[PDB]
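> A single structure is presented below for examination.
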Amino acid sequence: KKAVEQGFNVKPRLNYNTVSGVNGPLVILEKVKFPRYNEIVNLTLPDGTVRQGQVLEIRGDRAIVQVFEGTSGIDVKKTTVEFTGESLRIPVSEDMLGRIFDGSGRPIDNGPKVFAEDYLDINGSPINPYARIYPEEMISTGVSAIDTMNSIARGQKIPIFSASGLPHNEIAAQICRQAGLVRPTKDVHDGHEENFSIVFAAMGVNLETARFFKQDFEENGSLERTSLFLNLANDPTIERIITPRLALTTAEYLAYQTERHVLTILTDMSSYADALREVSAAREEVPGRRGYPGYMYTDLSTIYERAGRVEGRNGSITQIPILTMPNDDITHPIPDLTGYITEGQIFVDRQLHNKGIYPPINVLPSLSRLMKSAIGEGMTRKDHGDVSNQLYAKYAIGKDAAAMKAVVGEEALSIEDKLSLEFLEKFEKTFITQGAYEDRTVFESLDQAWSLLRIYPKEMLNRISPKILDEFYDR
Amino acid sequence: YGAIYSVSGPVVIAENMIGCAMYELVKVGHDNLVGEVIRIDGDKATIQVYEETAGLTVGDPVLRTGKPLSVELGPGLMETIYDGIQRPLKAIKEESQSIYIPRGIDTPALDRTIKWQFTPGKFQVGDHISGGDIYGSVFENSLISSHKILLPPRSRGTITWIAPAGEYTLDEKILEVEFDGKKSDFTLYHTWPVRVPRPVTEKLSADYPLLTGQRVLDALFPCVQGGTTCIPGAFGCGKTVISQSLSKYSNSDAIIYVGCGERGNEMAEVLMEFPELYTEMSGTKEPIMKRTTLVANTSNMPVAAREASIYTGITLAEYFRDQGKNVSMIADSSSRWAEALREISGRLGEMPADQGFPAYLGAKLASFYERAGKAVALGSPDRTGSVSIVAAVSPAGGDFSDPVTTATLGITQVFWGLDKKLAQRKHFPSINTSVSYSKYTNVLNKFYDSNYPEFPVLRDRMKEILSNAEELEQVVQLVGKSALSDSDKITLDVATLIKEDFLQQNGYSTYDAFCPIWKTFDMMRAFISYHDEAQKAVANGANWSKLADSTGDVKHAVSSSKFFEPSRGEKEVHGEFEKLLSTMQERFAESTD
């Protein structure tokens, strides 16, 4: 039976007209009756404006309410702050798929409030380490550079490292439009037996991009599988901390309380870290390294590690947390910590983007640690692993031989290196280079990879096992 | 008792809280979140709550416990999986069916319901007892036949009532001793402040090799049971073979795998492997999980759990040392534990002193590694144990310069030094013999000269020829192979044979999954004798190529020497190796003509 009948009790909310002090984004109350630590408040301005705030610290009968949407206008005499009795909690239901939500959980589209199945708490709870199970099958992303040789497994949490101005913010839209299991591609049985979904989460996106996301998911068919959590750059930063927690709570719902898989996207976690700096400095904490709070790693992990398959429940959350390289250096705390928690990295490279390539995925540094789980006979074709290995090897050969073309001249390169230059040109221009709206099935992308590797004679494909060459090279 | 007076993130300042010692675990809030008193001022103590404090309210009772962070030692601890602060991660999943760990869950660290068979020891009623005295053995499981319980090291007196043989749960008041007239009852389990080492009578000098079973490890770069170890824990290097060979083949009578803040999928992989690893000796079918406990932590476990992960691991290891079992921790990614220390220091406001790490990182690492060492257990009977810490280091960016890895390299005697390049070439176990130093080679002479007399000089010769070949590869790069002398070509060929058929161990086949010390020594003798016979018969005879082509069968024999079945028996294998050496000598004598 459903034990949700406990929600019928009404809890009257106290309404304090005792905002004694105001300091930056904080307001300080007094004579408060048992102020809960983390507790959303409906802070009323003198003119009547409701302005949500979150309690940030308590001391006896004083609660330091942190106020969203700035603080200007909050006086000491007329403002009245009302304590909702519980911390912020998203209203969840199996039919939010197709709602573009604001940063703070309110639907920003023209639709109505979600007919909540449950009011799940935001922070959720850590997943029992004994209850995890290893990522197994591919979660195809439609991007040729990512699907074949940077593959993503159901449960992996692999980021897309990105420079400041690179189109990563469009690769996110491409993935969210084209993501999906390979079971429909397998065509051996009903691939829609276990549904798929996505919970996009844009953080710190400027309006010229948030509107692009909304338009590009509405216009294409991706909305009926997506819960787009948009918060703007000028939306309150506390909502910017909230949004990834919101999206991961929705993902945990959709993936464990229901059964459908989900490929959650966290756009520009660097902006989330920027907002976390503001929260840390609001609490008067001293800055840790680089200005980010010392507990950066804890509040990044408490986002990333809310993903992975689960023993018993069939669903699985796949993270692709996109983040902007602050100054294009791995040594920066945010890329470093994310690569220290996540299962790999998928670079987007300025050098390739300046050549006009799209996507500008840089394969040489990008790697998926647990790719080998999502590659094999059962999921994708059996040649996928060796095709990936050989493509990476020949790309490295092509890159260094392109470096040597200017040193030893073109004519003095071994025939392997000449074929490798030809392969690198065709590779970067036809395989990595993918139309923004071109959905390439992993089987189709492997077919292109084979049509690209058959430049070389069978003997020069040393990386591929002969049992695969003897049946895939010629076709 | 005391009520919450302030909350700010994780810190929670109680009030009217007189009577709480520093570092005393206090249950916070109505949900009984576990927090430790990090600072006490007057009557109010700044509690540092582990779990999320999203719900705490001024006035919520905080109840003392009177114990610092204490692991719960006793039977039933052998098989289970624990988080940082010893919450059983199976009972939590079973009683609270949800995938998650509920906030403030308090399932007992040891299964209370299981009834353990208990057979009392030689200590009768009225016999004076001391801390650490074995007053009974409990049949835990078929692989730990006698989990010898023992009185807590900080208890002593006269036994007033001892329970007869029978089946008892952990709350059955097994023994009651009297000291100063104050009776105190003891159960099958006892708790111990994790941050203070379990005392010993005498901490001996560890001088018995920890036979990991890998050929390169036991041969060239040995570790002594009771000694420490460092490992590059970076992805793809091949840490799996090290951990699985330690937990699967080594002579350790128990293993405490402890994973600090490892990525969630890494811990999922470990928790799915360890149940399906089996031990060929001590029976045939017993899985290693019957003798190893796992302190697992996904990266989102509470930061204090990750910071206390290695401490709880080492206290469990010390417990299984005090029973006389050569337990051996495998601390995975100690750098994540250093990250946990960094976060605790920064959040506490303690001033960073080296690349952000706290000032006491060096002292804490030194102490934690010093809790190693073969030691004579406390009390009587006086069985000796040993704890070995094989602690991997995985720095932030593979820099191998941050203070945690520098401290571990300074303190850990042996650094087995995995390598990525050796793994991409599929040269398992991927040990980089250039840097993998081992300062336990000297103390092990007392063991070698006892029963493998030629081993030390033999490994010195093997290492020197290997280093000579590594140096001479540069000369081969500079100038053509022909420019090398005959002796140099001998060195290169023999060291290539080494790298291909002595260090490179399949590990998955039945013949070389476990390379015992005697087989490793006999292979070492065969290889070094091959180099010596080639060297002599060339320095006093014909060109190297002619002998090599003429004695290619001998080289094939020494190469196939890796295939000799360890299960064939030590005597049979040694006789076979002697036959191989004799045929060797006669074949080189023939080809010398």
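By convention in this document, the chains of the structure tokens carry letters A, B, ... by their order, each chain's residues are numbered from 1, and ligands are numbered from 1 in the order they are shown.
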For chain A, list the residues within 7 Å of chain B, counting only C-alpha atoms, and write the list as a PyMOL selection string.
chain A and resi 34-38+56-60+125-134+288-289+294-295+298+301-302+305+336+340-341
> Could I get the residues of segment 310-374 of chain A with an atom no further than 7 Å from an atom of segment 144-163 of chain A, each paired with its nearest atom pair and that distance in Å to one decimal, using only C-alpha atoms, sorted by chain and residue number, as a Markdown table?

| residue | atom | partner | partner_atom | distance |
| --- | --- | --- | --- | --- |
| A:316 | CA | A:155 | CA | 5.6 |
| A:317 | CA | A:155 | CA | 5.4 |
| A:318 | CA | A:155 | CA | 4.6 |
| A:319 | CA | A:157 | CA | 4.2 |
| A:320 | CA | A:159 | CA | 4.9 |
| A:321 | CA | A:159 | CA | 4.7 |
| A:322 | CA | A:160 | CA | 4.6 |
| A:323 | CA | A:161 | CA | 5.5 |
| A:324 | CA | A:162 | CA | 4.7 |
| A:325 | CA | A:163 | CA | 4.8 |
| A:328 | CA | A:163 | CA | 5.7 |
| A:342 | CA | A:157 | CA | 5.5 |
| A:343 | CA | A:158 | CA | 5.3 |
| A:344 | CA | A:158 | CA | 5.4 |
| A:345 | CA | A:159 | CA | 5.2 |
| A:346 | CA | A:160 | CA | 4.7 |
| A:347 | CA | A:161 | CA | 4.8 |
| A:348 | CA | A:162 | CA | 4.9 |
| A:349 | CA | A:162 | CA | 6.9 |
| A:350 | CA | A:163 | CA | 6.6 |
| A:361 | CA | A:145 | CA | 6.4 |
| A:366 | CA | A:150 | CA | 6.9 |
| A:367 | CA | A:150 | CA | 5.6 |
| A:368 | CA | A:150 | CA | 5.4 |
| A:371 | CA | A:151 | CA | 5.3 |
| A:373 | CA | A:153 | CA | 7.0 |
| A:374 | CA | A:153 | CA | 5.0 |
> Suppose we keep N, CA and C atoms; can you now write the selection as an mmCIF file, in the first residue's frame?

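Written out: result.cif:
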data_model
loop_
_atom_site.group_PDB
_atom_site.id
_atom_site.type_symbol
_atom_site.label_atom_id
_atom_site.label_comp_id
_atom_site.auth_asym_id
_atom_site.auth_seq_id
_atom_site.Cartn_x
_atom_site.Cartn_y
_atom_site.Cartn_z
ATOM 1 N N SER A 316 19.468 3.089 -14.151
ATOM 2 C CA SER A 316 20.866 3.482 -14.066
ATOM 3 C C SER A 316 21.064 4.918 -14.514
ATOM 4 N N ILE A 317 21.772 5.711 -13.721
ATOM 5 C CA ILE A 317 22.031 7.108 -14.036
ATOM 6 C C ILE A 317 23.400 7.208 -14.685
ATOM 7 N N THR A 318 23.454 7.766 -15.884
ATOM 8 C CA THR A 318 24.710 8.042 -16.560
ATOM 9 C C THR A 318 24.956 9.539 -16.549
ATOM 10 N N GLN A 319 26.046 9.964 -15.932
ATOM 11 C CA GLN A 319 26.378 11.377 -15.891
ATOM 12 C C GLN A 319 27.303 11.733 -17.040
ATOM 13 N N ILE A 320 27.092 12.909 -17.612
ATOM 14 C CA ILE A 320 28.065 13.508 -18.515
ATOM 15 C C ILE A 320 28.250 14.949 -18.060
ATOM 16 N N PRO A 321 28.897 15.177 -16.934
ATOM 17 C CA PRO A 321 29.008 16.539 -16.410
ATOM 18 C C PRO A 321 29.955 17.395 -17.225
ATOM 19 N N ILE A 322 29.400 18.286 -18.030
ATOM 20 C CA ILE A 322 30.201 19.174 -18.860
ATOM 21 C C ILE A 322 30.739 20.297 -17.993
ATOM 22 N N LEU A 323 31.982 20.697 -18.234
ATOM 23 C CA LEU A 323 32.576 21.774 -17.461
ATOM 24 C C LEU A 323 33.584 22.521 -18.313
ATOM 25 N N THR A 324 33.647 23.828 -18.105
ATOM 26 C CA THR A 324 34.509 24.698 -18.884
ATOM 27 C C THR A 324 35.867 24.789 -18.210
ATOM 28 N N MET A 325 36.918 24.582 -18.982
ATOM 29 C CA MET A 325 38.264 24.740 -18.469
ATOM 30 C C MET A 325 38.467 26.208 -18.124
ATOM 31 N N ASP A 328 42.159 26.661 -19.537
ATOM 32 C CA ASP A 328 42.677 25.584 -20.376
ATOM 33 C C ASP A 328 43.847 24.860 -19.724
ATOM 34 N N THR A 342 35.451 11.398 -11.444
ATOM 35 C CA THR A 342 34.764 10.794 -12.570
ATOM 36 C C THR A 342 35.573 9.635 -13.144
ATOM 37 N N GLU A 343 35.004 8.976 -14.152
ATOM 38 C CA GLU A 343 35.595 7.793 -14.756
ATOM 39 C C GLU A 343 36.316 8.096 -16.058
ATOM 40 N N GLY A 344 36.872 9.274 -16.199
ATOM 41 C CA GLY A 344 37.612 9.560 -17.405
ATOM 42 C C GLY A 344 37.488 11.026 -17.770
ATOM 43 N N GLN A 345 37.492 11.279 -19.075
ATOM 44 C CA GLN A 345 37.452 12.633 -19.597
ATOM 45 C C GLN A 345 37.249 12.557 -21.097
ATOM 46 N N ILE A 346 36.526 13.525 -21.644
ATOM 47 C CA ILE A 346 36.300 13.628 -23.078
ATOM 48 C C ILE A 346 36.573 15.071 -23.460
ATOM 49 N N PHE A 347 37.785 15.346 -23.921
ATOM 50 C CA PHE A 347 38.181 16.709 -24.216
ATOM 51 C C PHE A 347 37.407 17.270 -25.395
ATOM 52 N N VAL A 348 37.160 18.571 -25.342
ATOM 53 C CA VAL A 348 36.851 19.366 -26.518
ATOM 54 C C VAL A 348 38.004 20.340 -26.672
ATOM 55 N N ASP A 349 38.624 20.356 -27.846
ATOM 56 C CA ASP A 349 39.921 20.989 -28.024
ATOM 57 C C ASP A 349 39.795 22.263 -28.843
ATOM 58 N N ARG A 350 40.410 23.336 -28.347
ATOM 59 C CA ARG A 350 40.423 24.597 -29.077
ATOM 60 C C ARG A 350 41.107 24.445 -30.425
ATOM 61 N N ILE A 361 36.132 17.172 -30.693
ATOM 62 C CA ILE A 361 36.587 16.198 -29.711
ATOM 63 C C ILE A 361 38.043 15.862 -29.978
ATOM 64 N N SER A 366 41.403 12.236 -24.613
ATOM 65 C CA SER A 366 40.140 11.743 -24.087
ATOM 66 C C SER A 366 40.193 10.234 -23.926
ATOM 67 N N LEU A 367 39.703 9.741 -22.795
ATOM 68 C CA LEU A 367 39.642 8.308 -22.568
ATOM 69 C C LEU A 367 38.478 8.009 -21.644
ATOM 70 N N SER A 368 37.894 6.832 -21.817
ATOM 71 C CA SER A 368 36.852 6.340 -20.931
ATOM 72 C C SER A 368 37.402 5.136 -20.191
ATOM 73 N N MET A 371 35.320 1.949 -20.461
ATOM 74 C CA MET A 371 34.754 1.715 -21.784
ATOM 75 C C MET A 371 34.677 0.229 -22.100
ATOM 76 N N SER A 373 33.894 -2.255 -20.578
ATOM 77 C CA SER A 373 32.681 -2.935 -20.146
ATOM 78 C C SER A 373 31.572 -2.786 -21.176
ATOM 79 N N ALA A 374 31.426 -1.599 -21.751
ATOM 80 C CA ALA A 374 30.346 -1.318 -22.688
ATOM 81 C C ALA A 374 30.663 -1.726 -24.114
#
> Which residues are close to residue 49 of chain A, i.e. within 10 Å by only C-alpha atoms, leaving aside same-chain residues fewer than 4 positions away? Reply as a JSON list (two decimals) with C-alpha atoms, in the first residue's frame.

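For reference, result00.json as written:
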[["chain", "number", "residue", "atom", "x", "y", "z"],
["A", 42, "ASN", "CA", 9.06, 32.94, 1.87],
["A", 43, "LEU", "CA", 10.61, 36.28, 2.71],
["A", 44, "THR", "CA", 8.14, 39.09, 2.04],
["A", 45, "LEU", "CA", 9.37, 42.53, 1.01],
["A", 73, "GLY", "CA", 14.61, 46.28, -0.70],
["A", 79, "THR", "CA", 9.66, 42.79, 5.94]]
> Could you jot down the atom CA of residue 287 of chain B to atom CA of residue 191 of chain B separation for me, Å, one decimal place?
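Between atom CA of residue 287 of chain B and atom CA of residue 191 of chain B the gap works out to 27.5 Å.
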> Report, in Å to a single decimal, how far apart atom CA of residue 31 of chain B and atom CA of residue 41 of chain A are.
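According to the coordinates, atom CA of residue 41 of chain A and atom CA of residue 31 of chain B are separated by 23.0 Å.
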> In Å, with one decimal, what is the gap from atom CA of residue 327 of chain B to atom CA of residue 291 of chain B?
9.6 Å
> Within segment 158-342 of chain A, find each residue whose DSSP state, derived from the backbone, is strand (DSSP E), and express the selection as a ChimeraX atom specification.
/A:160-162,180-181,200-205,229-232,262-267,308-309,316-324
> Those same residues, written as a short mmCIF file (atom, residue, chain, number, x, y, z; two decimals), in the first residue's frame with N, CA, C and O atoms?

data_model
loop_
_atom_site.label_atom_id
_atom_site.label_comp_id
_atom_site.auth_asym_id
_atom_site.auth_seq_id
_atom_site.Cartn_x
_atom_site.Cartn_y
_atom_site.Cartn_z
N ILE A 160 32.81 16.11 -20.00
CA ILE A 160 33.30 16.68 -21.24
C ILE A 160 34.09 17.93 -20.91
O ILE A 160 33.52 19.03 -20.82
N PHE A 161 35.39 17.79 -20.71
CA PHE A 161 36.23 18.95 -20.45
C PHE A 161 36.19 19.86 -21.66
O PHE A 161 36.18 19.39 -22.80
N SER A 162 36.17 21.16 -21.43
CA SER A 162 35.95 22.09 -22.53
C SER A 162 36.60 23.42 -22.24
O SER A 162 36.59 23.89 -21.10
N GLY A 180 20.75 7.51 -26.36
CA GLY A 180 19.86 6.37 -26.36
C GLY A 180 20.58 5.05 -26.26
O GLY A 180 21.77 4.95 -26.59
N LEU A 181 19.88 4.02 -25.80
CA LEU A 181 20.46 2.70 -25.72
C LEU A 181 20.73 2.16 -27.12
O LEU A 181 20.15 2.60 -28.11
N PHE A 200 18.46 16.90 -18.41
CA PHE A 200 19.42 17.96 -18.64
C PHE A 200 19.42 18.92 -17.46
O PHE A 200 18.40 19.10 -16.78
N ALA A 201 20.56 19.55 -17.21
CA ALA A 201 20.70 20.50 -16.11
C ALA A 201 21.69 21.57 -16.52
O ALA A 201 22.90 21.40 -16.37
N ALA A 202 21.18 22.69 -17.04
CA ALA A 202 22.02 23.81 -17.41
C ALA A 202 22.26 24.69 -16.20
O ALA A 202 21.30 25.10 -15.52
N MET A 203 23.52 24.98 -15.92
CA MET A 203 23.90 25.84 -14.81
C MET A 203 24.79 26.96 -15.33
O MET A 203 25.82 26.70 -15.95
N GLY A 204 24.39 28.20 -15.06
CA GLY A 204 25.19 29.32 -15.48
C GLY A 204 25.17 29.61 -16.96
O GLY A 204 26.07 30.27 -17.46
N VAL A 205 24.16 29.12 -17.67
CA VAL A 205 24.04 29.39 -19.09
C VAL A 205 23.42 30.76 -19.29
O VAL A 205 22.41 31.11 -18.67
N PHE A 229 16.40 21.36 -16.71
CA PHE A 229 16.51 22.26 -15.56
C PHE A 229 17.38 23.44 -15.96
O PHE A 229 18.60 23.40 -15.84
N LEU A 230 16.75 24.52 -16.42
CA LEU A 230 17.45 25.73 -16.80
C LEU A 230 17.49 26.68 -15.62
O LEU A 230 16.46 26.95 -15.00
N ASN A 231 18.68 27.19 -15.31
CA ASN A 231 18.80 28.41 -14.53
C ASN A 231 19.73 29.34 -15.28
O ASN A 231 20.69 28.90 -15.92
N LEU A 232 19.43 30.63 -15.24
CA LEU A 232 20.16 31.56 -16.07
C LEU A 232 21.43 32.00 -15.35
O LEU A 232 21.67 31.67 -14.18
N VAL A 262 18.68 6.77 -17.51
CA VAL A 262 18.74 8.22 -17.68
C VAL A 262 20.20 8.62 -17.86
O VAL A 262 21.09 8.12 -17.18
N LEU A 263 20.43 9.53 -18.80
CA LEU A 263 21.74 10.09 -19.07
C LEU A 263 21.69 11.55 -18.63
O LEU A 263 21.38 12.44 -19.41
N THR A 264 21.97 11.78 -17.35
CA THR A 264 21.90 13.14 -16.83
C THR A 264 23.07 13.96 -17.34
O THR A 264 24.20 13.47 -17.43
N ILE A 265 22.79 15.20 -17.70
CA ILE A 265 23.79 16.14 -18.22
C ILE A 265 23.88 17.28 -17.23
O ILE A 265 22.86 17.84 -16.82
N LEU A 266 25.09 17.64 -16.85
CA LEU A 266 25.32 18.79 -15.97
C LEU A 266 26.18 19.78 -16.75
O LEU A 266 27.39 19.61 -16.85
N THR A 267 25.54 20.81 -17.29
CA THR A 267 26.24 21.74 -18.16
C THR A 267 27.02 22.76 -17.35
O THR A 267 26.47 23.43 -16.47
N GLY A 308 25.16 5.57 -11.31
CA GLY A 308 25.68 4.23 -11.46
C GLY A 308 24.56 3.22 -11.37
O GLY A 308 23.51 3.50 -10.79
N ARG A 309 24.78 2.03 -11.93
CA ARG A 309 23.75 1.01 -11.85
C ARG A 309 23.54 0.59 -10.41
O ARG A 309 24.30 0.95 -9.51
N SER A 316 19.47 3.09 -14.15
CA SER A 316 20.87 3.48 -14.07
C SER A 316 21.06 4.92 -14.51
O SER A 316 20.60 5.30 -15.59
N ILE A 317 21.77 5.71 -13.72
CA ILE A 317 22.03 7.11 -14.04
C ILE A 317 23.40 7.21 -14.68
O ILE A 317 24.40 6.79 -14.09
N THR A 318 23.45 7.77 -15.88
CA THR A 318 24.71 8.04 -16.56
C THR A 318 24.96 9.54 -16.55
O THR A 318 24.16 10.30 -17.10
N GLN A 319 26.05 9.96 -15.93
CA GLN A 319 26.38 11.38 -15.89
C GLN A 319 27.30 11.73 -17.04
O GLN A 319 28.18 10.95 -17.41
N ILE A 320 27.09 12.91 -17.61
CA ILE A 320 28.06 13.51 -18.52
C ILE A 320 28.25 14.95 -18.06
O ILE A 320 27.78 15.88 -18.73
N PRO A 321 28.90 15.18 -16.93
CA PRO A 321 29.01 16.54 -16.41
C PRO A 321 29.95 17.39 -17.22
O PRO A 321 31.17 17.27 -17.11
N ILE A 322 29.40 18.29 -18.03
CA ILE A 322 30.20 19.17 -18.86
C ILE A 322 30.74 20.30 -17.99
O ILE A 322 30.04 20.79 -17.10
N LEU A 323 31.98 20.70 -18.23
CA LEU A 323 32.58 21.77 -17.46
C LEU A 323 33.58 22.52 -18.31
O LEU A 323 34.30 21.93 -19.12
N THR A 324 33.65 23.83 -18.10
CA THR A 324 34.51 24.70 -18.88
C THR A 324 35.87 24.79 -18.21
O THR A 324 35.95 25.04 -17.00
#
> Could you check which of B:22, B:390, B:515, B:125 is closest to residue 178 of chain B, using only C-alpha atoms?
B:125
> Using 12 Å as the limit and counting only C-alpha atoms, can you tabulate each residue of segment 202-249 of chain B that touches segment 457-466 of chain B, with its shortest atom-to-atom distance in Å and the two atoms involved, as a Markdown table?

| residue | atom | partner | partner_atom | distance |
| --- | --- | --- | --- | --- |
| B:215 | CA | B:459 | CA | 11.7 |
| B:216 | CA | B:459 | CA | 10.2 |
| B:217 | CA | B:459 | CA | 11.4 |
| B:218 | CA | B:459 | CA | 10.2 |
| B:219 | CA | B:459 | CA | 6.7 |
| B:220 | CA | B:459 | CA | 5.9 |
| B:221 | CA | B:459 | CA | 9.3 |
| B:222 | CA | B:459 | CA | 10.6 |
> Create the file for the chosen residues now, containing N, CA and C atoms and written as a PDB file, in the first residue's frame.

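Writing the result to out26.pdb gives the following:
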ATOM      1  N   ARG B 215      56.149 -13.330  -9.289  1.00  0.00           N
ATOM      2  CA  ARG B 215      57.554 -13.712  -9.374  1.00  0.00           C
ATOM      3  C   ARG B 215      58.466 -12.518  -9.139  1.00  0.00           C
ATOM      4  N   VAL B 216      58.168 -11.389  -9.780  1.00  0.00           N
ATOM      5  CA  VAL B 216      59.035 -10.224  -9.645  1.00  0.00           C
ATOM      6  C   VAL B 216      58.997  -9.683  -8.221  1.00  0.00           C
ATOM      7  N   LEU B 217      57.820  -9.674  -7.596  1.00  0.00           N
ATOM      8  CA  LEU B 217      57.703  -9.117  -6.253  1.00  0.00           C
ATOM      9  C   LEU B 217      58.512  -9.918  -5.245  1.00  0.00           C
ATOM     10  N   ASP B 218      58.308 -11.234  -5.201  1.00  0.00           N
ATOM     11  CA  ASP B 218      59.035 -12.039  -4.228  1.00  0.00           C
ATOM     12  C   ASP B 218      60.508 -12.162  -4.584  1.00  0.00           C
ATOM     13  N   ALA B 219      60.852 -12.072  -5.866  1.00  0.00           N
ATOM     14  CA  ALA B 219      62.242 -12.272  -6.249  1.00  0.00           C
ATOM     15  C   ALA B 219      63.062 -11.004  -6.063  1.00  0.00           C
ATOM     16  N   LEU B 220      62.714  -9.945  -6.784  1.00  0.00           N
ATOM     17  CA  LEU B 220      63.577  -8.775  -6.833  1.00  0.00           C
ATOM     18  C   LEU B 220      63.238  -7.747  -5.766  1.00  0.00           C
ATOM     19  N   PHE B 221      61.957  -7.551  -5.473  1.00  0.00           N
ATOM     20  CA  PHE B 221      61.490  -6.420  -4.678  1.00  0.00           C
ATOM     21  C   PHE B 221      60.619  -6.928  -3.539  1.00  0.00           C
ATOM     22  N   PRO B 222      61.209  -7.635  -2.584  1.00  0.00           N
ATOM     23  CA  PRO B 222      60.410  -8.321  -1.571  1.00  0.00           C
ATOM     24  C   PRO B 222      59.812  -7.370  -0.555  1.00  0.00           C
TER      25      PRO B 222
END
> List the spatial neighbours of segment 431-439 of chain A as a ChimeraX atom specification - criterion: any atom at most 8 Å away, only C-alpha atoms, same-chain residues fewer than 3 positions off excluded.
/A:142-145,174,178,357-361,426-428,445,448-449
> Looking only at alpha helix (DSSP H) from DSSP on the backbone, list the matching residues of segment 472-571 of chain B as number ranges by chain.
B: 472-478, 486-498, 517-539, 544-550, 552-560, 570-571
> Can you tell me which residues surround segment 13-19 of chain A at a distance of at most 8 Å, considering only C-alpha atoms, apart from same-chain residues fewer than 5 positions away, and format the answer as a PyMOL selection string?
chain A and resi 27-32+75-85
> For a quick check of understanding, using only C-alpha atoms, which of B:322, B:493, B:180, B:532 has the smallest distance to residue 375 of chain B?
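Of the candidates, the smallest distance to residue 375 of chain B is held by B:322.
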